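First, one chain by itself: the form deposited in one PDB entry, in structure tokens.
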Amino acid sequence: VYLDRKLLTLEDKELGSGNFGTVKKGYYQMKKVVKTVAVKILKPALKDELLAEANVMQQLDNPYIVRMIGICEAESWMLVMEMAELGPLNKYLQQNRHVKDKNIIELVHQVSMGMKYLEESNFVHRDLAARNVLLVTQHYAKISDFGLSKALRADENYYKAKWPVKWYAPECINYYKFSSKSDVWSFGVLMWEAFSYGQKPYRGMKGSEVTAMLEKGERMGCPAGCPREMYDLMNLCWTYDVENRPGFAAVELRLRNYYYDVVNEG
């Protein structure tokens, strides 16, 4: 997967930014056509981190997960990925509030599908948020940003450790253990964010304030006009006890079963 710089064509304008560098829009002269590509460009460990993300990606093959097109060594380092034409879900739901509840369920259910694959493949996302969910169409979501993501060992159930504490489960805070159940906590916080329309979780609260709230059995409320059955599920995602918290299999099922009704019985 070492792409040819002659085929790649960049848009001299960014759609991303970060410690890594800039993410510019591009066009890659594919098999017979031209595929629009998102391209992470390195401005060290930044090259090891980008080779990590490139490895976590090359393995994962799922519709609801950003597919990678390949690496491209040229004037700089290029991580070539399948472009999500509409952008990050938090910034998209802020701008478009006419996005009906049904459209929102369909999108979070697509995240629960991609996450269920990540679970089955033995991968921890570790940064699963509204920001890191990008849109192909208004009705097609892909899970992005695999920089904190970790491939698990065959005999291992969890990983043991920058600090997205608002998306983090209590065992990540307290004991640094991350598993697919910790991503189920993040998914809860992500599900909240969408129904809120990109409103930031635990608005104004500091990291320890969030930790203290969750230890008191306190949770974020039901965003305005969110279907009760979705808030029901958020709190289920938000179970303090890791052993009793559902897996993505059971979460995606609850989203699938709800959606199946919603479209037909509504």
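C-alpha atoms forming the largest set that superposes within 1.5 Å between two forms make up the rigid core. Numbers for residues come from their place in the sequence shown, where the first is 1.
**Student:** Do a third or more of the other compared PDB entries fail to give coordinates for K216?
**Tutor:** Residue status for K216: no gap in any other entry.
**Student:** Say whether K206, which has coordinates in the shown structure, is without coordinates in a third or more of the other compared entries.
**Tutor:** No, modelled in all of them.
**Student:** Between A74 and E75, how many residues of the deposited sequence have no coordinates in this entry: none, 1 to 3, 4 to 9, or 10 or more?
**Tutor:** Per the record, no deposited residues are absent between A74 and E75.
**Student:** Does the deposited sequence hold unmodelled residues between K43 and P44, and if so, how many: none, 1 to 3, 4 to 9, or 10 or more?
**Tutor:** 4 to 9 residues are missing.
**Student:** Using the B-factors recorded in the PDB entry, average over the C-alpha atoms of 47 to 55 and of 225 to 233, then report which stretch comes out higher.
**Tutor:** Result of the comparison: 47 to 55.
**Student:** Which is higher on average in the deposited entry, the C-alpha temperature factors of 170 to 178 or of 185 to 193?
**Tutor:** Stretch with the greater average CA B-factor: 170 to 178.
**Student:** Compare the CA B factors listed in the entry for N62, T36, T239, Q29 and report the winner.
**Tutor:** Checking the PDB record, the top C-alpha B-factor among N62, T36, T239, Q29 is at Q29.
**Student:** Can you work out whether the C-alpha temperature factor of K25 puts it in the lowest, middle or highest third of the chain?
**Tutor:** Its C-alpha B-factor belongs to the middle third of this chain's values.
**Student:** State the tercile, meaning the lowest, middle or highest third, of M81 with respect to the CA B-factors recorded for its chain.
**Tutor:** It belongs to the middle third of the chain when residues are ordered by C-alpha B-factor.
**Student:** Against its chain's modelled residues, does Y158's Cα B factor rank lowest, middle or highest third?
**Tutor:** Middle third - that is where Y158 ends up once the chain's C-alpha B-factors are sorted.
**Student:** Would you mind checking where the Cα B-factor of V99 ranks among the modelled residues of its chain, as the lowest, middle or highest third?
**Tutor:** Highest third.
**Student:** Could you look up the Cα B-factor of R245 in the entry and say which third of the chain it sits in: lowest, middle or highest?
**Tutor:** For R245, the deposited C-alpha B-factor lands in the lowest third.
Absent from the display: the form deposited in another entry. The rest refers to it.
**Student:** Examine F20 after superposing the rigid core and state whether its CA is displaced by 2 Å or more between this form and the one not shown.
**Tutor:** Shift at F20: 2 Å or more after core fit.
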